[PDB]
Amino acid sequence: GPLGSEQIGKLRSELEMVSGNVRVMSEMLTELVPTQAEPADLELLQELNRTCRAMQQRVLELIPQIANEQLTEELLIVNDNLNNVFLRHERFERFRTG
């Protein structure tokens, strides 16, 4: 629907899944030590990054399609959270390398 409220039920389930991915990635970055993380941990972080990257494109696609202002702001916040975890991962990698 143009407003965003028409398919809110469907959208909520989608967003819960997106938020779950961001949470696991965020919490792993906080728990893991850059220079101590094992290859297995790094593998998972990359898996989460890949998934969250595709989810970000989807969120960016939804934003302009939804008329509702509260829902649009919610999506923008979710996008902010994705960028935040991506930057942390970038920082994590800078520390681990170089």
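Note that residue numbering follows the sequence shown and begins at 1.
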property	result
37-45 versus 68-76 - greater average Cα B-factor per the deposited record	37-45
Given 7-15 and 84-92, the range whose Cα B-factors average higher in the PDB entry	84-92
Residue 51, C-alpha B-factor rank within chain (lowest, middle or highest third)	lowest
Modelled-residue ranking by C-alpha temperature factor, third containing residue 30	highest
